[PDB]
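> Provided below: start21.cif, containing mmCIF, C-alpha atoms; chains and numbers go by the auth columns.
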data_structure
loop_
_atom_site.group_PDB
_atom_site.id
_atom_site.type_symbol
_atom_site.label_atom_id
_atom_site.label_comp_id
_atom_site.label_asym_id
_atom_site.label_seq_id
_atom_site.Cartn_x
_atom_site.Cartn_y
_atom_site.Cartn_z
_atom_site.B_iso_or_equiv
_atom_site.auth_seq_id
_atom_site.auth_asym_id
ATOM 1 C CA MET A 1 81.154 88.823 119.926 0.00 1 F
ATOM 2 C CA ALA A 2 77.860 87.240 120.978 0.00 2 F
ATOM 3 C CA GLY A 3 76.191 87.764 124.343 0.00 3 F
ATOM 4 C CA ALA A 4 74.291 90.931 123.466 0.00 4 F
ATOM 5 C CA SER A 5 71.464 89.734 125.712 0.00 5 F
ATOM 6 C CA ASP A 6 69.047 91.381 123.282 0.00 6 F
ATOM 7 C CA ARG A 7 67.898 88.364 121.270 0.00 7 F
ATOM 8 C CA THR A 8 67.132 84.713 122.013 0.00 8 F
ATOM 9 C CA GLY A 9 70.329 83.569 120.326 0.00 9 F
ATOM 10 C CA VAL A 10 72.660 86.249 118.986 0.00 10 F
ATOM 11 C CA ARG A 11 75.102 84.703 116.516 0.00 11 F
ATOM 12 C CA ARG A 12 78.737 85.738 116.078 0.00 12 F
ATOM 13 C CA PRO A 13 80.765 86.453 112.912 0.00 13 F
ATOM 14 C CA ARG A 14 83.285 83.864 114.096 0.00 14 F
ATOM 15 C CA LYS A 15 80.828 81.084 113.251 0.00 15 F
ATOM 16 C CA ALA A 16 82.314 78.919 110.499 0.00 16 F
ATOM 17 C CA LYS A 17 78.876 78.349 108.977 0.00 17 F
ATOM 18 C CA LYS A 18 78.640 82.130 108.634 0.00 18 F
ATOM 19 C CA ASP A 19 80.158 83.378 105.378 0.00 19 F
ATOM 20 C CA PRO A 20 83.086 85.834 105.580 0.00 20 F
ATOM 21 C CA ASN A 21 81.318 88.474 103.488 0.00 21 F
ATOM 22 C CA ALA A 22 84.686 90.174 103.007 0.00 22 F
ATOM 23 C CA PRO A 23 86.219 91.971 99.996 0.00 23 F
ATOM 24 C CA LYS A 24 88.188 89.766 97.602 0.00 24 F
ATOM 25 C CA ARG A 25 89.374 92.533 95.277 0.00 25 F
ATOM 26 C CA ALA A 26 92.983 92.816 94.111 0.00 26 F
ATOM 27 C CA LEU A 27 95.468 95.513 95.122 0.00 27 F
ATOM 28 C CA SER A 28 94.899 98.761 93.224 0.00 28 F
ATOM 29 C CA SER A 29 97.371 99.776 90.517 0.00 29 F
ATOM 30 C CA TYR A 30 98.569 103.162 91.767 0.00 30 F
ATOM 31 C CA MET A 31 97.014 102.773 95.216 0.00 31 F
ATOM 32 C CA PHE A 32 99.014 99.554 95.545 0.00 32 F
ATOM 33 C CA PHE A 33 101.221 101.557 97.908 0.00 33 F
ATOM 34 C CA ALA A 34 98.487 101.779 100.542 0.00 34 F
ATOM 35 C CA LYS A 35 96.378 98.862 99.313 0.00 35 F
ATOM 36 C CA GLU A 36 99.473 96.752 99.977 0.00 36 F
ATOM 37 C CA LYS A 37 98.370 96.789 103.617 0.00 37 F
ATOM 38 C CA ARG A 38 95.229 94.925 102.558 0.00 38 F
ATOM 39 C CA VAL A 39 97.076 91.782 103.645 0.00 39 F
ATOM 40 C CA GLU A 40 96.306 92.949 107.181 0.00 40 F
ATOM 41 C CA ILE A 41 92.673 91.986 106.594 0.00 41 F
ATOM 42 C CA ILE A 42 93.872 88.413 107.096 0.00 42 F
ATOM 43 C CA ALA A 43 93.416 89.086 110.811 0.00 43 F
ATOM 44 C CA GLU A 44 90.032 90.808 110.590 0.00 44 F
ATOM 45 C CA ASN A 45 88.832 87.746 108.677 0.00 45 F
ATOM 46 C CA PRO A 46 90.075 84.667 110.581 0.00 46 F
ATOM 47 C CA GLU A 47 87.447 82.642 108.722 0.00 47 F
ATOM 48 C CA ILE A 48 89.556 82.211 105.587 0.00 48 F
ATOM 49 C CA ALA A 49 92.783 83.068 107.405 0.00 49 F
ATOM 50 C CA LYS A 50 93.576 79.357 107.147 0.00 50 F
ATOM 51 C CA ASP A 51 92.787 79.106 103.434 0.00 51 F
ATOM 52 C CA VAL A 52 95.424 76.599 102.325 0.00 52 F
ATOM 53 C CA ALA A 53 93.582 75.951 99.061 0.00 53 F
ATOM 54 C CA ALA A 54 93.552 79.656 98.200 0.00 54 F
ATOM 55 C CA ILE A 55 97.191 79.252 97.170 0.00 55 F
ATOM 56 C CA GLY A 56 96.211 76.771 94.477 0.00 56 F
ATOM 57 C CA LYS A 57 93.063 78.629 93.454 0.00 57 F
ATOM 58 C CA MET A 58 94.928 81.938 93.248 0.00 58 F
ATOM 59 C CA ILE A 59 95.961 80.813 89.765 0.00 59 F
ATOM 60 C CA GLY A 60 92.492 80.920 88.239 0.00 60 F
ATOM 61 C CA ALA A 61 91.613 83.819 90.527 0.00 61 F
ATOM 62 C CA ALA A 62 94.491 85.873 89.125 0.00 62 F
ATOM 63 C CA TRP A 63 92.119 86.949 86.354 0.00 63 F
ATOM 64 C CA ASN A 64 89.188 87.442 88.727 0.00 64 F
ATOM 65 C CA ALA A 65 91.386 89.525 91.029 0.00 65 F
ATOM 66 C CA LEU A 66 90.374 92.789 89.360 0.00 66 F
ATOM 67 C CA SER A 67 86.891 94.230 88.842 0.00 67 F
ATOM 68 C CA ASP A 68 84.660 92.431 86.342 0.00 68 F
ATOM 69 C CA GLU A 69 83.367 95.594 84.673 0.00 69 F
ATOM 70 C CA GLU A 70 87.001 96.645 84.276 0.00 70 F
ATOM 71 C CA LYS A 71 88.034 93.140 83.220 0.00 71 F
ATOM 72 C CA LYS A 72 86.179 93.465 79.915 0.00 72 F
ATOM 73 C CA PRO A 73 88.681 95.915 78.369 0.00 73 F
ATOM 74 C CA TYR A 74 91.516 93.843 79.827 0.00 74 F
ATOM 75 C CA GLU A 75 93.176 97.175 80.607 0.00 75 F
ATOM 76 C CA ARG A 76 93.037 96.805 84.390 0.00 76 F
ATOM 77 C CA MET A 77 93.414 93.033 84.716 0.00 77 F
ATOM 78 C CA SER A 78 96.479 93.443 82.499 0.00 78 F
ATOM 79 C CA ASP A 79 98.164 96.167 84.549 0.00 79 F
ATOM 80 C CA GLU A 80 97.699 93.819 87.506 0.00 80 F
ATOM 81 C CA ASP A 81 100.772 92.019 86.168 0.00 81 F
ATOM 82 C CA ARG A 82 102.757 94.352 88.423 0.00 82 F
ATOM 83 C CA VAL A 83 100.612 94.650 91.551 0.00 83 F
ATOM 84 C CA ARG A 84 100.237 90.877 91.266 0.00 84 F
ATOM 85 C CA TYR A 85 103.566 90.686 93.096 0.00 85 F
ATOM 86 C CA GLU A 86 102.158 92.510 96.121 0.00 86 F
ATOM 87 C CA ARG A 87 98.711 90.939 95.779 0.00 87 F
ATOM 88 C CA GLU A 88 100.101 87.422 96.189 0.00 88 F
ATOM 89 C CA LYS A 89 101.480 88.637 99.520 0.00 89 F
ATOM 90 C CA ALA A 90 97.985 88.434 101.006 0.00 90 F
ATOM 91 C CA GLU A 91 97.502 84.749 100.195 0.00 91 F
ATOM 92 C CA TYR A 92 101.058 84.290 101.462 0.00 92 F
ATOM 93 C CA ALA A 93 100.406 85.835 104.875 0.00 93 F
ATOM 94 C CA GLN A 94 97.261 83.712 105.135 0.00 94 F
ATOM 95 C CA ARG A 95 98.991 80.343 104.783 0.00 95 F
ATOM 96 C CA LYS A 96 100.897 81.305 107.931 0.00 96 F
ATOM 97 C CA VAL A 97 98.114 83.038 109.862 0.00 97 F
#
Here is a file; write its structure as structure tokens.


Amino acid sequence: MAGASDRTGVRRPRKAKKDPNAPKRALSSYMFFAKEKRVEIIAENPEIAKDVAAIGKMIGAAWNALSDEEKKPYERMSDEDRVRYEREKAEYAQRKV
């Protein structure tokens, strides 16, 4: 929240022009249990909270959901086939909020 009264024009993270700078990683494999709550971030990041296009882009992003360095072996990105069910939840909770 702006209004720090320290600078000449303190900007806020709510500004649309200001990038979200948030994590776009997929739900862990085994940690999926806890990582499943990642969908909650939808609130902390109201910038893309209304990402209606994310639903259509999720397709090509399905492969870019996991880490790149771990996407080479295709061992992680592959196992995502399961967590993918919980991962999609995030983009699902966004369309609403």

> So, with only C-alpha atoms as the atoms that count, which of F:96, F:80, F:73, F:90 lies closest to residue 28 of chain F?

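So, comparing all the options, the nearest one is F:80.
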
> Using only C-alpha atoms, can you tell me which of F:64, F:86, F:77, F:22 comes closest to residue 49 of chain F?

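Going through F:64, F:86, F:77, F:22 one by one, the smallest distance to residue 49 of chain F is for F:22.
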
> Determine the residue set returned by the PyMOL selection byres ((chain F and resi 92-95) around 8) for the present structure, and present it as number ranges by chain.

F: 39, 42, 48-52, 55, 88-91, 96-97

> Looking at F:87, F:17, F:7, F:12, which one is nearest to residue 62 of chain F, with distances taken over all atoms listed in the file?

F:87

> So what do you get for atom CA of residue 29 of chain F versus atom CA of residue 57 of chain F, distance-wise?

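Computing the Euclidean distance for atom CA of residue 29 of chain F and atom CA of residue 57 of chain F yields 21.8 Å.
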
> Give me, please, the distance in Å between atom CA of residue 14 of chain F and atom CA of residue 45 of chain F, quoted to one decimal.

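Between atom CA of residue 14 of chain F and atom CA of residue 45 of chain F the gap is 8.7 Å.
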
> Step by step, gather every atom of segment 74-84 of chain F that the file lists, find the box along x, y and z that holds them, add 6 Å on each side, and finally give centre and edge lengths in Å to one decimal, as lines of an AutoDock Vina configuration file.


center_x = 97.1
center_y = 94.0
center_z = 85.7
size_x = 23.2
size_y = 18.3
size_z = 23.7

> Counting all atoms listed in the file, which residue out of F:75, F:11, F:66, F:54 sits closest to residue 27 of chain F?

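Smallest distance to residue 27 of chain F is found for F:66.
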
> For residue 13 of chain F, which residue among F:74, F:56, F:82, F:46 is the nearest when counting all atoms listed in the file?

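Selected residue with least distance to residue 13 of chain F: F:46.
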
> Enter the distance from atom CA of residue 44 of chain F to atom CA of residue 18 of chain F, in Å, rounded to one decimal.

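Between atom CA of residue 44 of chain F and atom CA of residue 18 of chain F the gap works out to 14.5 Å.
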
> Check the smallest atom-to-atom distance from each of F:33, F:83, F:41, F:26 to residue 67 of chain F using all atoms listed in the file, then report the winner.

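When distances to residue 67 of chain F are compared using all atoms listed in the file, the smallest one comes from F:26.
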